[PDB]
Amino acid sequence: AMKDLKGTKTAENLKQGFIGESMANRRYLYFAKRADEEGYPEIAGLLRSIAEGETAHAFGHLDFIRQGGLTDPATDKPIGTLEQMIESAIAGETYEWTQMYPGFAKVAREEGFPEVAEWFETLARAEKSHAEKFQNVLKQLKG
């Protein structure tokens, strides 16, 4: 591996860089769909290509995070081995279905946004399904 990054500002900067690059890929693919609808195929293709750049950037941030002994930006769990990667996926999905999306749904209903609440409730059930499927993966890797 590489030099230990724990405790540095660079460790936090890699995390923040990963967050921004992740958002950018999602944003640019969403924007490309609007270009698609409106008939701007060269713009849409450029947006998709820039999005591939942001993928490369996000993955490179993860490379340095993993090689520097740091944890997953999303879950604060190690992601050195495949088993650890799956354990990180389980931890994040579990946070999302047990805490995050149910709370978002409750708040949306309290604030008078039942349609948004229904979306958050759909997502809560979806993340529970994801968590169960990843748990099945881990069981198979450890057997």
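One rule holds for the numbers: they count along the sequence shown, beginning at 1.
Comparing the deposited coordinates for 17-25 and 124-132, the stretch with the larger average C-alpha B-factor is 124-132. According to the PDB record, 90-98 carries the higher mean C-alpha B-factor of the two stretches 90-98 and 38-46.
Among the modelled residues of its chain, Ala117 has a C-alpha B-factor that falls in the middle third according to the deposited record. In the deposited entry, the Cα temperature factor of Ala108 sits in the top third of values across the chain's modelled residues. Among the modelled residues of its chain, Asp63 has a C-alpha B-factor that falls in the middle third according to the deposited record.
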